[PDB]
Amino acid sequence: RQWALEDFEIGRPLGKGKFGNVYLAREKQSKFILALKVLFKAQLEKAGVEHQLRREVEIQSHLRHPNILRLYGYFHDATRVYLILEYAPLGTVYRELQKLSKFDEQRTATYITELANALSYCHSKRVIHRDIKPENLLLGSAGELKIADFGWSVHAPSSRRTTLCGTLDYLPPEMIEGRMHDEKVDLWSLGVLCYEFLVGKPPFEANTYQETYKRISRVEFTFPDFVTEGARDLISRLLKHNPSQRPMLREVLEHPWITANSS
Ligand SMILES: CN1CCN(c2ccc(C(=O)Nc3n[nH]c4cn(C(=O)Cc5cccs5)cc34)cc2)CC1
Ligand SMILES: [As]
Ligand SMILES: [As]
């Protein structure tokens, strides 16, 4: 089906980014509520990522999983590229985290299960190394997690330090120490994410980025007294310096703390 701008009506902005914006939208015929991400070819070419957009939209286009925000279609014109995306009505996990300061164990274990399931699916399709920070996670109508780390910034919502290798807070030891990485980086990210969910802040925070790099290399992090032994065991396992010793996603999904707290 060849979509066109004429097929949609655009509503309020859901986000503003460097490459473009994202709006609430409705498809003329079905009257279905979606999200329309609008990217400007000008900024795309300026960054020499024009061809890379279509290639990335191609792989994402075929990823169908309940915890991965669906990318339905795409069309373009002389100056803009339009991405038709599933609408997640409850917003970002990040905003929920700010509102509550931290998540309880049941909510956290549930999100971890959903992310582990989605990652499992992606890894099987050879899709790896994702930016799974709270700001890139949306929530469905039932509160289910929707991974939306397609990239191509069209929103904020924070000033967390990022690098060409990824979000600094989430960078694994291998990337900081100059070694080549593999899909095991996603397990480390899952450990950092779980920690942030339960604590409200990243485990390697420091007075300077230089010191953060050092603490990641030494896997130097501690927990607040309120985190339980079950959570500590899973996170400690995920945050192992040796990539190969981090648990398999199957082992995460079957971890005692996860099975006991995940809905
Ligand atoms: C109590 N609440 C407060 C705020 N509320 C919403 C605030 C924001 C949203 C929202 O962004 N929804 C989206 N749905 N599909 C998308 C593709 N998006 C991006 O590509 C842009 C991205 C943003 C993050 C990752 S990718 C973004 C969306 C929904 C509700 C309503 C009621
Ligand atoms: As993925
Ligand atoms: As890199």
# chains A, B, ... in the order shown; residues from 1 in each chain; ligands from 1
>>> residues_near_ligand(ligand="ligand 1", cutoff="10 Å", atoms="only C-alpha atoms and all ligand atoms", output="MDAnalysis selection string")
chainID A and resid 13:17 20:25 33:38 69:71 83:96 99 132:141 146:157
>>> select_by_dssp(residues="range 31-167 of chain A", states="alpha helix (DSSP H)", output="number ranges by chain")
A: 41-46, 50-61, 93-100, 105-124
>>> closest_atom_pairs(of="chain A", to="ligand 3", cutoff="9 Å", atoms="only C-alpha atoms and all ligand atoms", output="CSV")
residue,atom,partner,partner_atom_place_in_ligand_line,distance
A:163,CA,ligand 3,1 (As),8.8
A:164,CA,ligand 3,1 (As),6.2
A:165,CA,ligand 3,1 (As),4.2
A:166,CA,ligand 3,1 (As),7.7
A:175,CA,ligand 3,1 (As),7.4
A:180,CA,ligand 3,1 (As),8.3
A:181,CA,ligand 3,1 (As),8.8
>>> write_last_selection(atoms="N, CA and C atoms", output="JSON list (two decimals), in the first residue's frame")
[["chain", "number", "residue", "atom", "x", "y", "z"],
["A", 163, "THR", "N", 27.34, 9.50, 23.16],
["A", 163, "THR", "CA", 28.56, 9.48, 22.37],
["A", 163, "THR", "C", 28.27, 8.69, 21.10],
["A", 164, "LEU", "N", 29.22, 8.66, 20.17],
["A", 164, "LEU", "CA", 29.03, 7.92, 18.93],
["A", 164, "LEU", "C", 28.91, 6.43, 19.24],
["A", 165, "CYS", "N", 29.42, 6.02, 20.39],
["A", 165, "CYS", "CA", 29.37, 4.61, 20.79],
["A", 165, "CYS", "C", 28.10, 4.30, 21.59],
["A", 166, "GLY", "N", 27.35, 5.34, 21.93],
["A", 166, "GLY", "CA", 26.12, 5.14, 22.69],
["A", 166, "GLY", "C", 26.02, 6.04, 23.91],
["A", 175, "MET", "N", 33.57, -1.48, 25.50],
["A", 175, "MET", "CA", 33.58, -0.31, 24.64],
["A", 175, "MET", "C", 34.45, 0.81, 25.22],
["A", 180, "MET", "N", 36.47, -4.74, 20.69],
["A", 180, "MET", "CA", 35.31, -4.88, 19.82],
["A", 180, "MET", "C", 34.22, -5.62, 20.59],
["A", 181, "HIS", "N", 32.97, -5.26, 20.34],
["A", 181, "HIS", "CA", 31.83, -5.84, 21.06],
["A", 181, "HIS", "C", 30.94, -6.78, 20.26]]
>>> residues_near_ligand(ligand="ligand 2", cutoff="12 Å", atoms="only C-alpha atoms and all ligand atoms", output="ChimeraX atom specification")
/A:59-70,114-132,136-137,146-151,183,186
>>> select_by_dssp(residues="range 11-187 of chain A", states="strand (DSSP E or B)", output="PyMOL selection string")
chain A and resi 11-16+20-27+33-40+68+71-76+80-86+92+137-139+145-147+162-163+166-167
>>> write_last_selection(atoms="N, CA and C atoms", output="tab-separated table (two decimals), in the first residue's frame")
chain	number	residue	atom	x	y	z
A	11	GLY	N	-2.04	15.89	14.21
A	11	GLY	CA	-2.49	16.60	15.39
A	11	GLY	C	-1.37	17.24	16.20
A	12	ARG	N	-1.52	17.24	17.52
A	12	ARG	CA	-0.52	17.85	18.40
A	12	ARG	C	0.84	17.17	18.36
A	13	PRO	N	1.90	17.95	18.61
A	13	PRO	CA	3.26	17.41	18.61
A	13	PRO	C	3.44	16.48	19.81
A	14	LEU	N	4.14	15.37	19.61
A	14	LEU	CA	4.42	14.44	20.69
A	14	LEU	C	5.90	14.63	21.03
A	15	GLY	N	6.63	15.23	20.10
A	15	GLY	CA	8.04	15.46	20.33
A	15	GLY	C	8.73	16.28	19.27
A	16	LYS	N	9.81	16.94	19.67
A	16	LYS	CA	10.60	17.78	18.77
A	16	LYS	C	12.06	17.33	18.88
A	20	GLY	N	13.90	15.97	13.21
A	20	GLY	CA	12.52	16.26	12.87
A	20	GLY	C	11.59	16.27	14.07
A	21	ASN	N	10.32	15.92	13.84
A	21	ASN	CA	9.33	15.92	14.90
A	21	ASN	C	8.40	14.71	14.79
A	22	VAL	N	7.61	14.49	15.83
A	22	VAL	CA	6.66	13.38	15.83
A	22	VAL	C	5.32	13.93	16.30
A	23	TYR	N	4.26	13.56	15.59
A	23	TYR	CA	2.92	14.05	15.92
A	23	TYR	C	1.88	12.96	16.05
A	24	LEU	N	0.80	13.28	16.74
A	24	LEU	CA	-0.31	12.36	16.83
A	24	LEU	C	-0.90	12.48	15.42
A	25	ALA	N	-1.48	11.41	14.90
A	25	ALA	CA	-2.06	11.47	13.57
A	25	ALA	C	-3.16	10.44	13.43
A	26	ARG	N	-4.03	10.64	12.44
A	26	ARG	CA	-5.12	9.72	12.19
A	26	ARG	C	-5.16	9.41	10.69
A	27	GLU	N	-5.30	8.14	10.34
A	27	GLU	CA	-5.37	7.75	8.94
A	27	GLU	C	-6.80	8.03	8.46
A	33	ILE	N	-5.71	5.77	15.04
A	33	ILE	CA	-4.79	6.73	15.66
A	33	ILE	C	-3.36	6.19	15.63
A	34	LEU	N	-2.46	6.96	15.04
A	34	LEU	CA	-1.06	6.59	14.91
A	34	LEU	C	-0.18	7.76	15.32
A	35	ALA	N	1.13	7.59	15.12
A	35	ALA	CA	2.12	8.62	15.41
A	35	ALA	C	2.88	8.81	14.11
A	36	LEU	N	3.06	10.05	13.69
A	36	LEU	CA	3.79	10.31	12.45
A	36	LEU	C	5.09	11.04	12.74
A	37	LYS	N	6.20	10.37	12.45
A	37	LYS	CA	7.53	10.92	12.67
A	37	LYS	C	7.96	11.60	11.37
A	38	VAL	N	8.26	12.89	11.44
A	38	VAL	CA	8.66	13.64	10.26
A	38	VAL	C	10.13	14.04	10.31
A	39	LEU	N	10.91	13.53	9.35
A	39	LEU	CA	12.33	13.83	9.29
A	39	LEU	C	12.62	14.72	8.08
A	40	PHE	N	13.57	15.64	8.23
A	40	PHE	CA	13.94	16.54	7.14
A	40	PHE	C	15.16	16.02	6.38
A	68	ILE	N	7.78	-4.18	20.92
A	68	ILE	CA	8.61	-3.37	20.04
A	68	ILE	C	7.61	-2.46	19.32
A	71	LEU	N	6.52	-0.11	13.33
A	71	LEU	CA	6.78	0.89	12.30
A	71	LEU	C	5.98	0.35	11.12
A	72	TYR	N	4.80	0.91	10.88
A	72	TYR	CA	3.92	0.45	9.81
A	72	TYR	C	4.40	0.69	8.40
A	73	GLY	N	4.59	1.95	8.05
A	73	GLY	CA	5.04	2.25	6.71
A	73	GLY	C	5.91	3.49	6.67
A	74	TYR	N	6.12	4.00	5.47
A	74	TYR	CA	6.94	5.18	5.29
A	74	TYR	C	6.74	5.72	3.88
A	75	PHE	N	6.87	7.03	3.74
A	75	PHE	CA	6.76	7.69	2.44
A	75	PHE	C	7.57	8.96	2.56
A	76	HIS	N	7.82	9.63	1.44
A	76	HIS	CA	8.62	10.84	1.49
A	76	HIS	C	8.26	11.79	0.36
A	80	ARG	N	11.06	15.91	2.97
A	80	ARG	CA	10.82	15.16	4.20
A	80	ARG	C	10.55	13.67	4.04
A	81	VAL	N	10.89	12.92	5.08
A	81	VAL	CA	10.65	11.48	5.14
A	81	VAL	C	9.63	11.30	6.26
A	82	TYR	N	8.60	10.50	6.01
A	82	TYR	CA	7.56	10.27	7.00
A	82	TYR	C	7.51	8.82	7.44
A	83	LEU	N	7.56	8.62	8.76
A	83	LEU	CA	7.50	7.28	9.33
A	83	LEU	C	6.15	7.11	10.03
A	84	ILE	N	5.41	6.08	9.65
A	84	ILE	CA	4.11	5.81	10.25
A	84	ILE	C	4.35	4.82	11.39
A	85	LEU	N	4.12	5.28	12.61
A	85	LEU	CA	4.37	4.47	13.79
A	85	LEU	C	3.16	4.21	14.67
A	86	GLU	N	3.22	3.10	15.39
A	86	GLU	CA	2.18	2.73	16.33
A	86	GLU	C	2.16	3.84	17.39
A	92	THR	N	6.33	7.89	27.74
A	92	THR	CA	7.63	7.31	28.07
A	92	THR	C	7.74	6.72	29.47
A	137	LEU	N	11.82	4.19	25.82
A	137	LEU	CA	10.79	3.21	26.08
A	137	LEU	C	9.43	3.88	26.22
A	138	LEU	N	8.44	3.38	25.49
A	138	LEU	CA	7.09	3.92	25.55
A	138	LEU	C	6.19	2.88	26.20
A	139	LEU	N	4.95	3.28	26.52
A	139	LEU	CA	4.00	2.40	27.18
A	139	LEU	C	2.67	2.30	26.41
A	145	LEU	N	5.36	-2.42	27.91
A	145	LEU	CA	6.54	-1.76	27.40
A	145	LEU	C	6.61	-1.83	25.87
A	146	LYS	N	6.99	-0.72	25.24
A	146	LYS	CA	7.12	-0.66	23.79
A	146	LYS	C	8.49	-0.05	23.48
A	147	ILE	N	9.43	-0.89	23.04
A	147	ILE	CA	10.77	-0.41	22.72
A	147	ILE	C	10.72	0.44	21.47
A	162	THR	N	25.56	11.49	25.61
A	162	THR	CA	25.62	10.47	24.57
A	162	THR	C	26.92	10.60	23.79
A	163	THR	N	27.34	9.50	23.16
A	163	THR	CA	28.56	9.48	22.37
A	163	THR	C	28.27	8.69	21.10
A	166	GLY	N	27.35	5.34	21.93
A	166	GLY	CA	26.12	5.14	22.69
A	166	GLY	C	26.02	6.04	23.91
A	167	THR	N	24.98	5.83	24.70
A	167	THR	CA	24.75	6.61	25.90
A	167	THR	C	25.84	6.27	26.91
>>> atom_distance(atom1="CA of residue 232 in chain A", atom2="CA of residue 98 in chain A")
22.3 Å
>>> closest_atom_pairs(of="range 62-110 of chain A", to="range 199-213 of chain A", cutoff="7 Å", atoms="only C-alpha atoms", output="CSV")
residue,atom,partner,partner_atom,distance
A:97,CA,A:200,CA,7.0
A:101,CA,A:200,CA,5.6
A:102,CA,A:200,CA,4.7
>>> write_last_selection(atoms="C-alpha atoms", output="PDB file, in the first residue's frame")
ATOM      1  CA  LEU A  97      10.312   7.180  36.467  1.00  0.00           C
ATOM      2  CA  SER A 101      11.516   8.601  41.489  1.00  0.00           C
ATOM      3  CA  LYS A 102      11.953   4.801  41.209  1.00  0.00           C
TER       4      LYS A 102
END
>>> closest_atom_pairs(of="range 128-246 of chain A", to="range 252-262 of chain A", cutoff="9 Å", atoms="only C-alpha atoms", output="Markdown table")
| residue | atom | partner | partner_atom | distance |
| --- | --- | --- | --- | --- |
| A:229 | CA | A:257 | CA | 8.7 |
| A:230 | CA | A:257 | CA | 5.0 |
| A:231 | CA | A:257 | CA | 6.3 |
| A:233 | CA | A:257 | CA | 8.5 |
| A:234 | CA | A:255 | CA | 7.3 |
| A:238 | CA | A:252 | CA | 8.8 |
>>> closest_residue(among="A:169, A:7, A:177, A:105", to="residue 218 in chain A", atoms="only C-alpha atoms")
A:177
>>> closest_residue(among="A:159, A:236, A:228, A:30", to="residue 188 in chain A", atoms="only C-alpha atoms")
A:236
>>> decode(residues="range 68-93 of chain A", atoms="N, CA and C atoms", output="PDB file, in the first residue's frame")
ATOM      1  N   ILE A  68       7.783  -4.177  20.925  1.00  0.00           N
ATOM      2  CA  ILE A  68       8.606  -3.366  20.041  1.00  0.00           C
ATOM      3  C   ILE A  68       7.615  -2.463  19.315  1.00  0.00           C
ATOM      4  N   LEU A  69       7.778  -1.150  19.440  1.00  0.00           N
ATOM      5  CA  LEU A  69       6.860  -0.224  18.780  1.00  0.00           C
ATOM      6  C   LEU A  69       6.858  -0.528  17.289  1.00  0.00           C
ATOM      7  N   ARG A  70       5.670  -0.740  16.736  1.00  0.00           N
ATOM      8  CA  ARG A  70       5.548  -1.061  15.326  1.00  0.00           C
ATOM      9  C   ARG A  70       5.762   0.126  14.387  1.00  0.00           C
ATOM     10  N   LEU A  71       6.523  -0.113  13.327  1.00  0.00           N
ATOM     11  CA  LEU A  71       6.776   0.894  12.303  1.00  0.00           C
ATOM     12  C   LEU A  71       5.983   0.347  11.116  1.00  0.00           C
ATOM     13  N   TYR A  72       4.801   0.912  10.881  1.00  0.00           N
ATOM     14  CA  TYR A  72       3.919   0.449   9.812  1.00  0.00           C
ATOM     15  C   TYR A  72       4.399   0.690   8.397  1.00  0.00           C
ATOM     16  N   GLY A  73       4.589   1.950   8.046  1.00  0.00           N
ATOM     17  CA  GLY A  73       5.042   2.254   6.706  1.00  0.00           C
ATOM     18  C   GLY A  73       5.909   3.487   6.671  1.00  0.00           C
ATOM     19  N   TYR A  74       6.122   4.002   5.467  1.00  0.00           N
ATOM     20  CA  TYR A  74       6.940   5.185   5.291  1.00  0.00           C
ATOM     21  C   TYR A  74       6.745   5.717   3.879  1.00  0.00           C
ATOM     22  N   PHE A  75       6.865   7.028   3.735  1.00  0.00           N
ATOM     23  CA  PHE A  75       6.755   7.686   2.444  1.00  0.00           C
ATOM     24  C   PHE A  75       7.572   8.963   2.559  1.00  0.00           C
ATOM     25  N   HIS A  76       7.817   9.631   1.442  1.00  0.00           N
ATOM     26  CA  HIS A  76       8.619  10.840   1.486  1.00  0.00           C
ATOM     27  C   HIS A  76       8.256  11.793   0.364  1.00  0.00           C
ATOM     28  N   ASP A  77       8.910  12.947   0.366  1.00  0.00           N
ATOM     29  CA  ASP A  77       8.705  13.946  -0.662  1.00  0.00           C
ATOM     30  C   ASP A  77      10.016  14.687  -0.847  1.00  0.00           C
ATOM     31  N   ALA A  78       9.976  15.791  -1.580  1.00  0.00           N
ATOM     32  CA  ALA A  78      11.176  16.569  -1.861  1.00  0.00           C
ATOM     33  C   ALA A  78      12.045  16.935  -0.660  1.00  0.00           C
ATOM     34  N   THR A  79      11.430  17.210   0.485  1.00  0.00           N
ATOM     35  CA  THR A  79      12.212  17.616   1.645  1.00  0.00           C
ATOM     36  C   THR A  79      12.008  16.843   2.944  1.00  0.00           C
ATOM     37  N   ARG A  80      11.064  15.910   2.975  1.00  0.00           N
ATOM     38  CA  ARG A  80      10.824  15.160   4.204  1.00  0.00           C
ATOM     39  C   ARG A  80      10.550  13.672   4.040  1.00  0.00           C
ATOM     40  N   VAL A  81      10.887  12.921   5.083  1.00  0.00           N
ATOM     41  CA  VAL A  81      10.652  11.485   5.138  1.00  0.00           C
ATOM     42  C   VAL A  81       9.628  11.301   6.257  1.00  0.00           C
ATOM     43  N   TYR A  82       8.604  10.498   6.006  1.00  0.00           N
ATOM     44  CA  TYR A  82       7.560  10.271   6.996  1.00  0.00           C
ATOM     45  C   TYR A  82       7.509   8.821   7.444  1.00  0.00           C
ATOM     46  N   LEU A  83       7.556   8.615   8.756  1.00  0.00           N
ATOM     47  CA  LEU A  83       7.496   7.280   9.332  1.00  0.00           C
ATOM     48  C   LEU A  83       6.153   7.111  10.033  1.00  0.00           C
ATOM     49  N   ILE A  84       5.408   6.081   9.649  1.00  0.00           N
ATOM     50  CA  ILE A  84       4.110   5.808  10.247  1.00  0.00           C
ATOM     51  C   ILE A  84       4.349   4.824  11.387  1.00  0.00           C
ATOM     52  N   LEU A  85       4.119   5.283  12.610  1.00  0.00           N
ATOM     53  CA  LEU A  85       4.367   4.465  13.791  1.00  0.00           C
ATOM     54  C   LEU A  85       3.160   4.207  14.671  1.00  0.00           C
ATOM     55  N   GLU A  86       3.222   3.098  15.393  1.00  0.00           N
ATOM     56  CA  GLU A  86       2.180   2.733  16.329  1.00  0.00           C
ATOM     57  C   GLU A  86       2.159   3.840  17.393  1.00  0.00           C
ATOM     58  N   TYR A  87       0.977   4.154  17.903  1.00  0.00           N
ATOM     59  CA  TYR A  87       0.848   5.171  18.942  1.00  0.00           C
ATOM     60  C   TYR A  87       0.828   4.497  20.314  1.00  0.00           C
ATOM     61  N   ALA A  88       1.694   4.959  21.215  1.00  0.00           N
ATOM     62  CA  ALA A  88       1.780   4.442  22.586  1.00  0.00           C
ATOM     63  C   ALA A  88       1.180   5.552  23.458  1.00  0.00           C
ATOM     64  N   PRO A  89      -0.086   5.392  23.872  1.00  0.00           N
ATOM     65  CA  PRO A  89      -0.833   6.354  24.687  1.00  0.00           C
ATOM     66  C   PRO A  89      -0.377   6.734  26.096  1.00  0.00           C
ATOM     67  N   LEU A  90       0.391   5.878  26.768  1.00  0.00           N
ATOM     68  CA  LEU A  90       0.831   6.195  28.125  1.00  0.00           C
ATOM     69  C   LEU A  90       2.202   6.878  28.220  1.00  0.00           C
ATOM     70  N   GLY A  91       2.757   7.243  27.068  1.00  0.00           N
ATOM     71  CA  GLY A  91       4.030   7.947  27.041  1.00  0.00           C
ATOM     72  C   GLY A  91       5.282   7.161  27.375  1.00  0.00           C
ATOM     73  N   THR A  92       6.335   7.892  27.738  1.00  0.00           N
ATOM     74  CA  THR A  92       7.628   7.308  28.067  1.00  0.00           C
ATOM     75  C   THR A  92       7.740   6.721  29.469  1.00  0.00           C
ATOM     76  N   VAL A  93       8.545   5.673  29.587  1.00  0.00           N
ATOM     77  CA  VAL A  93       8.805   5.044  30.872  1.00  0.00           C
ATOM     78  C   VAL A  93       9.577   6.082  31.697  1.00  0.00           C
TER      79      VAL A  93
END
